[PDB]
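Here the structure is laid out as structure tokens; the discussion comes afterwards.
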Amino acid sequence: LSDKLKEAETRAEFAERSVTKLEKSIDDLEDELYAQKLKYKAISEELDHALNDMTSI
Amino acid sequence: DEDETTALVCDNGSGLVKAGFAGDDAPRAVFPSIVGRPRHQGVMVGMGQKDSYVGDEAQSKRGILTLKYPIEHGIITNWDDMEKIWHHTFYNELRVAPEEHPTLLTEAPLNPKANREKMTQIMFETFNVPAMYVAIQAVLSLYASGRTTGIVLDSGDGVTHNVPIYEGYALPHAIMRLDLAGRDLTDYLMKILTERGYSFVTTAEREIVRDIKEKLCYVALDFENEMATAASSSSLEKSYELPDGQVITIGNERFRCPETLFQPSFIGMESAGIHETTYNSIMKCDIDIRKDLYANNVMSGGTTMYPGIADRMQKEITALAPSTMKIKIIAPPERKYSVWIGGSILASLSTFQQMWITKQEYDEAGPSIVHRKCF
Ligand SMILES: Nc1ncnc2c1ncn2[C@@H]1O[C@H](COP(=O)(O)OP(=O)(O)O)[C@@H](O)[C@H]1O
Ligand SMILES: [Mg+2]
């Protein structure tokens, strides 16, 4: 049982490391996508402004 | 921040306050004319005890704060909002006190005497200001236009002023104000969208649809023909994406919203459309200068940022007036800020530095005498 408990603790620590790494990975991906989506929204709003400028003629 | 003793040009136009130092070409502090007061009472501890939001601080939060308009049709409703917006502009954005430089404010044509006396009293007694001056918007707009002849059409948010100036001469008898502008257009669009199916009855949505109108709504070149061709829509109807994400679909309503200006009967008022009122004003002027007023008509106001107003004006005036002469309509770029721009170029003259009103003479004379001195 001592051997089994030590093995179990090692694998549990491995899984904890895994969840931590995945949490950083998802936080970074989310930030990158937030920046890109803001870029897209800005592009769309500027395009709407352009469209009204051409209609103004 | 400022090393020149020059007046602060603060255009307190209905719907948008535009404040900045003299000499600049555009206002630095531009924020809507709205006041957000806390609706409920919170048991929370730590938040700002501030009981009166203003400007962008209120725009950022419109769901919690009940929104009140500090100006209606032109008449000032609440003076606390006035003190709030000036105190905010002075001690939150410009970072300068009014005790070191003058202040050239711009007021609308044909305003009440109570409004003028009240603002002047708040600017002299409460705040220590070395000198004040009230100016009509039309003259400064004509200055920024770079001419001396024409009829300025200033369409703000709740009032529309037609002011004829020929050979650099004001006509206080012909200035006729009519309370048809962006708010009545927002109300018309709101009721027709409620007719479409999406019903709302709160002010935050009203401001949102106002912004949607500013961005998309345009003027039609032929109302009935566009109605007929929009009956079977394809590219005439557009699908807008609300900032929240709800997919709105708006078709003909766009170019039928500003049409209420041309047909006040939609709001059940006997008043005539802006074009017909301007035409009647031209008949009220003398014949000799009427052609010059036709050739030098100028526009002002944020409401004029819609695309298609110049062409609509040209066709309507051509249909009303003869088609023998030449009737060119000129709209200077960035006309909305032009008024403010004028203020800047008006505050740099030494003579204008000699036409200010200091505290002492006002105090002895009183506000009413000050009204006589200006006009
Ligand atoms: N960029 C814009 N596009 C369309 N309409 C606008 C814009 N800015 C302001 N407006 C309209 O103009 C009105 C406010 O005009 P205002 O700021 O009083 O003009 P001015 O400052 O020249 O007097 C509002 O009803 C608003 O809907
Ligand atoms: Mg205006």
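We count from 1, first residue shown onward.
Determined via electron microscopy, 4.8 Å.
Any Cβ shown, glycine's included, is placed from N, Cα and C.
Under a cutoff of 8 A between CB atoms, and with a sequence separation of 6+ in the same chain, A:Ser25 (phosphoserine) has no neighbours. According to Swiss-Prot, the feature phosphoserine maps to A:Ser25 (among others), an assignment based on similarity to another entry.
Taken residue by residue with DSSP, A:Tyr34 (phosphotyrosine) is part of a helix. Residues or ranges marked as phosphotyrosine in Swiss-Prot (evidence: similarity to another entry): A:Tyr34.
Per Swiss-Prot, the feature phosphoserine maps to A:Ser44 (among others). DSSP assigns A:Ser44 (phosphoserine) to a helical segment in the three-state reduction.
Annotated phosphoserine per Swiss-Prot: A:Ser56 (among others), in sequence order, evidence recorded as experimental evidence. All protein chains included, A:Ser56 (phosphoserine) registers 15 other Cβ atoms within 10 Å of its own Cβ.
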Looking only at DSSP and grouping its letters into three states, which state does A:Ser25 (phosphoserine) belong to?
helix
Same chain only, sequence gap of 6 or more: which residues have a CB within under 8 Å of the CB of A:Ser44 (phosphoserine)?
none
About how far apart, in whole Å, are the alpha carbons (Cα) of A:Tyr34 (phosphotyrosine) and A:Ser56 (phosphoserine)?
33
Test of understanding: give the count of other CB atoms lying within 10 angstroms of the CB of A:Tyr34 (phosphotyrosine).
10
